[PDB]
There are 2 protein chains.
Amino acid sequence: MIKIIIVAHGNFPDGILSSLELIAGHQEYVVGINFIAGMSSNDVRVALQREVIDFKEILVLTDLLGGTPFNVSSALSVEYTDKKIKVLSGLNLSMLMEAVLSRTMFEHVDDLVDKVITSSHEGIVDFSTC
Amino acid sequence: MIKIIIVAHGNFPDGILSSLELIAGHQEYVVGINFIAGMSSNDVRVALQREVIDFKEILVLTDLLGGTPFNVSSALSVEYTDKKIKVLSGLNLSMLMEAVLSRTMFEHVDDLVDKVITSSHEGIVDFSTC
């Protein structure tokens, strides 16, 4: 059971989640934290802490390297002795679908992240390229 | 100008556009086509045609390889003799920010896509590796 948590600027999390819902329907243990206008770094931190209280294996998908979602997520990911918290930047729908569709193959998030990264890269394609 | 068109499942385009608005503010020549429940493939085609009527250099950012937004966009990109339409899949915020921040440097979308692709890939990072 790997919990997927999406953290990104604006309502990007709501938006990409609506893509997932249209394609695959509603999923268990998948949440979005919308980093909207008005909220601070700490607001994101509080929200994320809340979402991880009861989970050991957690994949956090964030929009942009070095942005507040990624920074807050990575800072928190090293604070829990027995939690496994992976934090990715570069979130595309490939990243999200792969995590959702493959996570049940894995007990541990450590063994899921390699395949999620591979699909994220493989999903970036220029149509000219055939 | 190089016009940027975002086509994706659900309200993903609105959501990622809200990320852009928050980070960079409102941009010219950047539109979203939300492929929501109830919409047909032709509906997407009609919308895209409308957005490209009066533009010669067009970058279309789509969510997912082999999906309706990508398929409709790719099919249309080869139908105009004198339009330059590039169609990418794998849309992440890195892809969008690069197109927006760098398009000014280029007359032609052809010379912009390689930088956009590079940044898209470079933006996918696992914090464990830093």
# chains A, B, ... in the order shown; residues from 1 in each chain; ligands from 1
call {"tool": "interface_residues", "arguments": {"of": "chain A", "to": "chain B", "cutoff": "8 Å", "atoms": "only C-alpha atoms", "output": "JSON, numbers by chain"}}
result
{"A": [8, 9, 10, 11, 12, 13, 14, 15, 16, 17, 18, 19, 22, 23, 36, 37, 63, 64, 65, 74, 86, 87, 88, 89, 90, 91, 92, 93, 94, 117, 120, 121, 123, 124, 125, 126, 127, 128]}
call {"tool": "calpha_fit_rmsd", "arguments": {"fixed": "chain B", "moving": "chain A"}}
result
0.3 Å
call {"tool": "select_by_dssp", "arguments": {"residues": "segment 22-110 of chain A", "states": "strand (DSSP E or B)", "output": "NGL selection string"}}
result
:A and (30-35 or 57-62 or 84-89)
call {"tool": "write_last_selection", "arguments": {"atoms": "N, CA and C atoms", "output": "compact mmCIF listing (two decimals), in the first residue's frame"}}
result
# COMPACT_ATOMS: atom_id res chain seq x y z
N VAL A 30 -4.79 8.31 -2.85
CA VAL A 30 -4.18 9.29 -3.74
C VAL A 30 -4.77 10.65 -3.40
N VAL A 31 -3.92 11.58 -2.98
CA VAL A 31 -4.41 12.90 -2.61
C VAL A 31 -3.60 14.02 -3.24
N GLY A 32 -4.24 15.18 -3.38
CA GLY A 32 -3.57 16.36 -3.91
C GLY A 32 -3.52 17.46 -2.86
N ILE A 33 -2.39 18.17 -2.82
CA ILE A 33 -2.26 19.35 -2.01
C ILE A 33 -2.01 20.52 -2.94
N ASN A 34 -3.04 21.35 -3.12
CA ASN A 34 -2.97 22.50 -4.00
C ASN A 34 -2.27 23.69 -3.36
N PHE A 35 -1.10 24.05 -3.89
CA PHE A 35 -0.32 25.16 -3.34
C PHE A 35 -0.77 26.44 -4.03
N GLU A 57 4.84 3.84 3.52
CA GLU A 57 5.37 3.87 2.17
C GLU A 57 4.64 4.95 1.38
N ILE A 58 5.36 6.00 1.00
CA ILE A 58 4.73 7.19 0.44
C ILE A 58 5.50 7.72 -0.75
N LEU A 59 4.79 7.95 -1.86
CA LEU A 59 5.40 8.57 -3.02
C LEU A 59 4.83 9.97 -3.18
N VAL A 60 5.69 10.97 -3.11
CA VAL A 60 5.26 12.35 -3.28
C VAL A 60 5.68 12.84 -4.65
N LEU A 61 4.69 13.17 -5.47
CA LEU A 61 4.94 13.68 -6.81
C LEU A 61 4.74 15.20 -6.82
N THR A 62 5.78 15.93 -7.20
CA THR A 62 5.74 17.39 -7.18
C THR A 62 6.04 17.99 -8.53
N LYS A 84 9.06 5.48 4.68
CA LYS A 84 9.77 5.55 3.42
C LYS A 84 9.06 6.58 2.54
N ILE A 85 9.69 7.74 2.37
CA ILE A 85 9.07 8.83 1.62
C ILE A 85 9.97 9.19 0.46
N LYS A 86 9.50 8.89 -0.75
CA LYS A 86 10.19 9.28 -1.97
C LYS A 86 9.57 10.56 -2.51
N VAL A 87 10.42 11.45 -3.02
CA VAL A 87 9.96 12.74 -3.53
C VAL A 87 10.51 12.96 -4.93
N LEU A 88 9.61 13.04 -5.92
CA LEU A 88 10.00 13.32 -7.30
C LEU A 88 9.56 14.72 -7.75
N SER A 89 10.37 15.36 -8.60
CA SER A 89 9.93 16.53 -9.33
C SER A 89 9.67 16.10 -10.77
call {"tool": "select_by_dssp", "arguments": {"residues": "chain B", "states": "helix (DSSP H, G or I)", "output": "VMD selection string"}}
result
chain B and resid 12 to 24 41 to 52 68 to 76 93 to 105 110 to 122 127 to 129
call {"tool": "write_last_selection", "arguments": {"atoms": "C-alpha atoms", "output": "mmCIF file, in the first residue's frame"}}
result
data_model
loop_
_atom_site.group_PDB
_atom_site.id
_atom_site.type_symbol
_atom_site.label_atom_id
_atom_site.label_comp_id
_atom_site.auth_asym_id
_atom_site.auth_seq_id
_atom_site.Cartn_x
_atom_site.Cartn_y
_atom_site.Cartn_z
ATOM 1 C CA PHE B 12 -5.361 19.364 -16.401
ATOM 2 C CA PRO B 13 -4.870 22.292 -18.801
ATOM 3 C CA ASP B 14 -6.660 24.702 -16.444
ATOM 4 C CA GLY B 15 -4.708 23.340 -13.509
ATOM 5 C CA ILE B 16 -1.248 23.606 -15.059
ATOM 6 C CA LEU B 17 -2.178 27.054 -16.401
ATOM 7 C CA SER B 18 -2.959 28.073 -12.818
ATOM 8 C CA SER B 19 0.607 27.014 -11.914
ATOM 9 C CA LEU B 20 1.944 29.309 -14.634
ATOM 10 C CA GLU B 21 -0.329 32.182 -13.533
ATOM 11 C CA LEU B 22 0.938 31.877 -9.957
ATOM 12 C CA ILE B 23 4.609 31.652 -10.922
ATOM 13 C CA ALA B 24 4.835 33.995 -13.917
ATOM 14 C CA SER B 41 -12.358 13.441 -30.231
ATOM 15 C CA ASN B 42 -13.919 15.647 -32.913
ATOM 16 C CA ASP B 43 -14.707 18.260 -30.232
ATOM 17 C CA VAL B 44 -10.979 18.470 -29.489
ATOM 18 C CA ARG B 45 -10.225 18.683 -33.204
ATOM 19 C CA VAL B 46 -12.705 21.542 -33.659
ATOM 20 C CA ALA B 47 -11.246 23.423 -30.725
ATOM 21 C CA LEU B 48 -7.660 22.981 -31.922
ATOM 22 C CA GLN B 49 -8.454 24.100 -35.480
ATOM 23 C CA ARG B 50 -10.011 27.244 -34.082
ATOM 24 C CA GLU B 51 -6.914 28.033 -32.006
ATOM 25 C CA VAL B 52 -4.510 27.680 -34.957
ATOM 26 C CA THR B 68 -6.850 11.668 -27.641
ATOM 27 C CA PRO B 69 -5.239 15.096 -27.106
ATOM 28 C CA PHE B 70 -1.950 13.860 -28.560
ATOM 29 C CA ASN B 71 -3.604 11.886 -31.375
ATOM 30 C CA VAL B 72 -5.891 14.728 -32.470
ATOM 31 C CA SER B 73 -3.053 17.249 -32.239
ATOM 32 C CA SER B 74 -0.599 15.083 -34.186
ATOM 33 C CA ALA B 75 -3.125 14.378 -36.966
ATOM 34 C CA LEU B 76 -3.876 18.052 -37.437
ATOM 35 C CA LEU B 93 5.588 22.205 -15.538
ATOM 36 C CA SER B 94 9.218 22.254 -16.726
ATOM 37 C CA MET B 95 8.039 21.795 -20.319
ATOM 38 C CA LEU B 96 5.568 24.669 -19.945
ATOM 39 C CA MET B 97 7.874 27.082 -18.160
ATOM 40 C CA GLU B 98 10.649 26.527 -20.710
ATOM 41 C CA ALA B 99 8.366 27.166 -23.669
ATOM 42 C CA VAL B 100 7.051 30.355 -22.066
ATOM 43 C CA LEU B 101 10.393 31.708 -20.884
ATOM 44 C CA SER B 102 12.379 30.826 -24.023
ATOM 45 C CA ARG B 103 9.996 31.255 -26.977
ATOM 46 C CA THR B 104 10.976 34.939 -27.157
ATOM 47 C CA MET B 105 14.469 33.822 -28.237
ATOM 48 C CA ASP B 110 11.522 24.186 -34.548
ATOM 49 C CA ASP B 111 14.414 25.937 -32.805
ATOM 50 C CA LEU B 112 12.536 26.051 -29.491
ATOM 51 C CA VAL B 113 11.433 22.406 -29.119
ATOM 52 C CA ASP B 114 14.882 20.941 -28.445
ATOM 53 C CA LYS B 115 15.377 23.198 -25.420
ATOM 54 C CA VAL B 116 11.847 22.432 -24.214
ATOM 55 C CA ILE B 117 12.413 18.673 -24.437
ATOM 56 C CA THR B 118 15.742 18.920 -22.656
ATOM 57 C CA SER B 119 14.254 20.913 -19.782
ATOM 58 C CA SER B 120 11.290 18.518 -19.545
ATOM 59 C CA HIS B 121 13.659 15.618 -18.966
ATOM 60 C CA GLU B 122 16.006 17.565 -16.701
ATOM 61 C CA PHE B 127 15.394 13.771 -4.357
ATOM 62 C CA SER B 128 17.305 10.717 -3.085
ATOM 63 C CA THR B 129 19.968 11.498 -5.692
#
call {"tool": "atom_distance", "arguments": {"atom1": "atom CA of residue 6 of chain A", "atom2": "atom CA of residue 5 of chain B"}}
result
23.8 Å
call {"tool": "atom_distance", "arguments": {"atom1": "atom CA of residue 40 of chain A", "atom2": "atom CA of residue 26 of chain A"}}
result
29.0 Å
